[PDB]
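Take a look at this one chain, the form deposited in one PDB entry, written out in structure tokens.
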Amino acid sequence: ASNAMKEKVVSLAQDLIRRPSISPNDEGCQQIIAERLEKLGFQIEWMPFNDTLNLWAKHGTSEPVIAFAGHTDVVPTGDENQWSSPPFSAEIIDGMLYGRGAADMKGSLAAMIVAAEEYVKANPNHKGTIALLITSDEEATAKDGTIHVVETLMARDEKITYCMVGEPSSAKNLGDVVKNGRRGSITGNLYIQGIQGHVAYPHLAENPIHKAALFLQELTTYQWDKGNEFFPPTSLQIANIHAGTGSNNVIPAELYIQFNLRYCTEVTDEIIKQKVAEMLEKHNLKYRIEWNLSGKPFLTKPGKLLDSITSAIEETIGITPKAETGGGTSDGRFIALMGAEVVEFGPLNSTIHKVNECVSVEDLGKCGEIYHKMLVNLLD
């Protein structure tokens, strides 16, 4: 009779998926959420800043404080034509909920919310505080999101004891992985200068695409490290590359390369910057580069939260998750600044940021059950 909760999770998820909340625009997601939480006695606190909307919702007044954390923004869809169903359709086909944000992360956001709602309804005088910390910019610059909330709470010495981040942690089967940390993320925006001219007079010009070809090949194959006991290896990906005026008979003046590294503690942001500089010098390239550090590697100190979620997954679906630190990053690293233990769990990540993103509705239901059991394990 908790197929009832499963339906609540699914309809909320669909609600949210239908809102085209490309970072940092919330498109009304948090309003929906805040409305239903308020009706159940949660204290609502809005913390907008610049173009970002943030929500801090609480039920309870004392420690321990357990916060569910997540984001309502989603990455761009791409041509809606490339999608079998419209990206914001929230269609359910053969047990799969389709849509941008279905797996990253509106599905599990809905699951966490319903778990919190149901727990609080069942246990009005529960020990501790159940909170939700929701931002509309996790996917982009993220300068005014979760980190703004964290700064506000710290400045008035408000505490978070435990934080469960609902990012999609699972690899092949729901519950097979939880995350106890993340690699860092740093992006280079690299401009290599050539000299514009006529394609048929290349000796009077300098084609930066040709000059940088070897560099590009070395950059994409260079082995930064082999990981270590705590993290998978550092990985570099070129996200964007652009040169040219659109004309076929003009040599472009400049080549733009944007590349990102998800890095482990075998290297640092400074080691990465120095090595790239050294590669550019070795290839005698004229350039300018702008570096943007999104975050450093982070590991949480394991304790009762890791125990509680690991046990909840075992108790609900019968397997033991492996604790890992791969994949992307999350706002967990900000929340760790408060001294909170941070652990992540959510649905399959196999379709995130892809065309035809989707999530199993059976998995969303079990997620709700798992998040609920986690609360019981922690507070009771």
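Only residues modelled in both forms are compared. In this text, rigid core is short for the largest set of C-alphas that superpose within 1.5 Å between two forms. All residue numbers refer to positions in the sequence shown, first residue = 1.
Another form exists, deposited in another entry; not displayed. Remarks below refer to it.
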For the list 95, 76, 124, 246, which one shows a CA move of 2 Å or more between the shown form and the other one after the core is fit? 246
What happens to the Cα distance from residue 236 to residue 354 in that other deposited form: does it get closer or farther than here, with a change of 3 angstroms or more? farther
With a difference of at least 3 Å, the CA distance of residue 233 and residue 336 in that other deposited form shows the atoms closer
Superposed on the rigid core, segments between the shown form and the other one of at least 3 residues with Cα shifts of 2 Å or more: 182 to 195, 203 to 229, 231 to 303
